[PDB]
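Notes follow the structure.
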Amino acid sequence: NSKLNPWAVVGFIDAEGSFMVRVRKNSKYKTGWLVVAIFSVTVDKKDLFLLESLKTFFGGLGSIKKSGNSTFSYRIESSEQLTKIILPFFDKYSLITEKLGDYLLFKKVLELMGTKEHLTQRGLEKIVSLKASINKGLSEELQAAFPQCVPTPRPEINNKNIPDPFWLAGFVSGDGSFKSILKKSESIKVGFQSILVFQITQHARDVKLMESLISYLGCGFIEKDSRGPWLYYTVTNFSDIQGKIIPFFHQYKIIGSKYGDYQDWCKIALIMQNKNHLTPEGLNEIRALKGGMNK
């Protein structure tokens, strides 16, 4: 239908999905805590349809909740069903970013939950350990409840290459940026120039992936923020954009709202090429060239 490509999904999750372990106080349990494993994705209301798609893609599992005012989240939080359906998926269609690190720790948490070890003090602790290593780790409340807690070290995995072009479409769908800047012309005559920029932003921990985009798309360069750990894969060459970026993503489509921006960006590219005319300086050089071609 508009049934999503499986690698697009993984691209999208690498960019924007959360593997969460929720650990709250609860008097009904022997340890005094409730553990809940959560697969979750949150977007602006303009991407509600993308949440609906994704839910459908996972068999209709989980819930879509309006978080508040202008956001929505898709989450699955039954551990039976994460184990039956989500784990086999991500074990087959593998994540490639540091997100994959989160996925593997998330999966140790679920294995302990299938054994029901999570209800024991000991199992509880191992899980707070595993949680400490997912993403930003332990909240101030949880650090204070488990001061004796050592995070589980992240397993430090291997060369993970882009697995399918559909992955990158998914990935760019969250982490990706199609821009158009209007500047003054560098000329006597007042005129305007559109500059287009395709850009991917990512934390520097995913550097191997970022560097690899240059071969993968056949263009662009890397830039590092001088002030923190941010890398920008940028394409600004207009041929490359016409010739490589626009053809790629026309075949291997952006999903969600941002496809609309890609479309507008493509339209601006036609207008740049068709509704322009030569500067007086450009007119001059071409006149001289023609004013001595073919003697």
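Every chain in the structure tokens has a letter given in the order shown (A, B, ...), and although residue numbers restart at 1 in each chain, ligands are simply numbered from 1 in the order shown.
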message: To test your reading of the structure, identify every residue in stretch 1-250 of chain A that backbone DSSP assigns to helix (DSSP H, G or I), and report it as JSON, numbers by chain.
response: {"A": [6, 7, 8, 9, 10, 11, 12, 13, 14, 15, 16, 45, 46, 47, 48, 49, 50, 51, 52, 53, 54, 55, 56, 57, 79, 80, 81, 82, 83, 84, 85, 86, 87, 88, 89, 90, 99, 100, 101, 102, 103, 104, 105, 106, 107, 108, 109, 110, 111, 112, 113, 114, 117, 118, 119, 121, 122, 123, 124, 125, 126, 127, 128, 129, 130, 131, 132, 140, 141, 142, 143, 144, 145, 165, 166, 167, 168, 169, 170, 171, 172, 173, 174, 175, 204, 205, 206, 207, 208, 209, 210, 211, 212, 213, 214, 215, 216, 238, 239, 240, 241, 242, 243, 244, 245, 246, 247, 248, 249, 250]}
I need the chosen residues saved as a compact mmCIF listing (two decimals), in the first residue's frame, with C-alpha atoms.
# COMPACT_ATOMS: atom_id res chain seq x y z
CA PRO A 6 11.72 -2.98 6.41
CA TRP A 7 15.14 -1.31 6.01
CA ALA A 8 13.51 2.16 5.96
CA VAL A 9 12.01 1.26 9.30
CA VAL A 10 15.46 0.38 10.75
CA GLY A 11 16.96 3.52 9.26
CA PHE A 12 14.21 5.47 10.98
CA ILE A 13 14.67 3.70 14.32
CA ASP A 14 18.46 4.19 14.26
CA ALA A 15 17.78 7.93 13.92
CA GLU A 16 14.72 8.40 16.18
CA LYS A 45 1.54 15.74 15.19
CA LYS A 46 2.42 16.32 11.55
CA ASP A 47 3.97 12.78 11.69
CA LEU A 48 0.95 11.05 13.17
CA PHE A 49 0.47 9.21 9.92
CA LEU A 50 3.97 7.92 10.10
CA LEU A 51 3.14 6.50 13.55
CA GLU A 52 0.06 4.81 12.14
CA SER A 53 2.19 3.27 9.44
CA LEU A 54 4.67 1.94 11.82
CA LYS A 55 2.17 0.38 14.12
CA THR A 56 0.65 -1.30 11.05
CA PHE A 57 4.14 -2.43 10.08
CA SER A 79 7.49 -7.73 27.10
CA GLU A 80 5.85 -10.96 25.75
CA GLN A 81 5.35 -9.09 22.43
CA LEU A 82 8.65 -7.31 22.35
CA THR A 83 10.25 -10.72 22.65
CA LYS A 84 7.98 -12.42 20.17
CA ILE A 85 7.86 -9.70 17.45
CA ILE A 86 10.34 -6.81 17.92
CA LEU A 87 13.43 -8.85 18.88
CA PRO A 88 13.20 -11.23 15.90
CA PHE A 89 12.94 -8.19 13.64
CA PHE A 90 15.92 -6.31 14.87
CA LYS A 99 21.41 2.84 18.84
CA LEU A 100 22.26 -0.79 18.19
CA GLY A 101 24.12 -0.59 21.53
CA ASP A 102 20.90 0.39 23.22
CA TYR A 103 19.07 -2.44 21.43
CA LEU A 104 21.41 -5.13 22.78
CA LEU A 105 21.13 -3.95 26.36
CA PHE A 106 17.39 -3.61 25.97
CA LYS A 107 17.45 -7.23 24.86
CA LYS A 108 19.36 -8.42 27.98
CA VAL A 109 16.68 -6.66 29.97
CA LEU A 110 13.94 -8.54 28.18
CA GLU A 111 15.70 -11.95 28.65
CA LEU A 112 15.81 -11.31 32.38
CA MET A 113 12.14 -10.38 32.23
CA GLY A 114 11.20 -13.63 30.45
CA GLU A 117 14.42 -12.51 37.37
CA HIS A 118 13.44 -8.88 37.13
CA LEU A 119 11.29 -9.42 40.23
CA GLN A 121 16.58 -7.93 44.01
CA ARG A 122 19.49 -9.39 42.15
CA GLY A 123 17.70 -9.29 38.73
CA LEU A 124 16.43 -5.79 39.47
CA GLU A 125 20.05 -4.62 40.02
CA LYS A 126 21.49 -6.15 36.81
CA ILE A 127 18.75 -4.28 35.01
CA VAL A 128 19.54 -0.91 36.59
CA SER A 129 23.08 -1.70 35.42
CA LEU A 130 21.93 -2.33 31.90
CA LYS A 131 19.76 0.85 32.01
CA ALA A 132 22.72 3.00 33.10
CA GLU A 140 19.13 11.48 39.50
CA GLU A 141 16.44 9.57 41.53
CA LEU A 142 17.73 6.23 40.31
CA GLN A 143 21.43 6.98 40.86
CA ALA A 144 20.40 7.84 44.45
CA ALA A 145 18.35 4.63 44.89
CA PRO A 165 19.79 1.90 0.38
CA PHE A 166 16.28 1.89 1.99
CA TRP A 167 18.03 2.21 5.38
CA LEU A 168 19.53 5.54 4.53
CA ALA A 169 16.10 6.85 3.43
CA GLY A 170 14.78 5.87 6.82
CA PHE A 171 17.74 7.36 8.52
CA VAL A 172 17.54 10.68 6.68
CA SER A 173 13.87 10.77 7.37
CA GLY A 174 14.62 11.63 10.98
CA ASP A 175 18.16 13.07 11.00
CA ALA A 204 30.55 11.90 16.59
CA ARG A 205 30.23 8.41 18.13
CA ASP A 206 28.69 7.42 14.84
CA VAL A 207 31.66 8.72 12.82
CA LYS A 208 32.38 5.59 10.77
CA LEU A 209 28.83 5.79 9.45
CA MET A 210 29.10 9.52 8.67
CA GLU A 211 32.46 9.27 6.89
CA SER A 212 30.99 6.32 4.78
CA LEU A 213 28.20 8.52 3.35
CA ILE A 214 30.73 10.13 1.00
CA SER A 215 31.29 6.86 -1.03
CA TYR A 216 27.74 5.78 -0.54
CA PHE A 238 24.63 21.79 -7.34
CA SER A 239 25.47 19.04 -9.86
CA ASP A 240 25.89 16.56 -7.10
CA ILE A 241 22.58 17.58 -5.80
CA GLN A 242 20.83 17.36 -9.18
CA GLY A 243 22.85 14.41 -10.25
CA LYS A 244 23.14 12.26 -7.12
CA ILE A 245 21.16 13.39 -4.03
CA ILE A 246 17.88 14.14 -5.80
CA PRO A 247 17.98 10.88 -7.88
CA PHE A 248 18.78 8.74 -4.81
CA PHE A 249 15.91 9.98 -2.64
CA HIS A 250 13.46 9.92 -5.56
field: For atom CA of residue A:27 and atom CA of residue A:138, the interatomic separation in Å (one decimal)
entry: 21.1 Å
- request: Give the answer as one residue: which of A:266, A:283, A:21, A:255 has the shortest atom-to-atom distance to residue A:2, using only C-alpha atoms?
  value: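 Ranked by minimum distance to residue A:2, first place goes to A:255.
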task: From the DSSP assignment of the backbone, select every residue of stretch 2-237 of chain A that is strand (DSSP E), and format the answer as a VMD selection string.
output: chain A and resid 18 to 25 33 to 44 63 to 68 71 to 76 176 to 184 192 to 203 221 to 224 230 to 235
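For the choices A:269, A:149, A:41, A:235, the atom-to-atom distance to residue A:194 is smallest for A:269 when using only C-alpha atoms.
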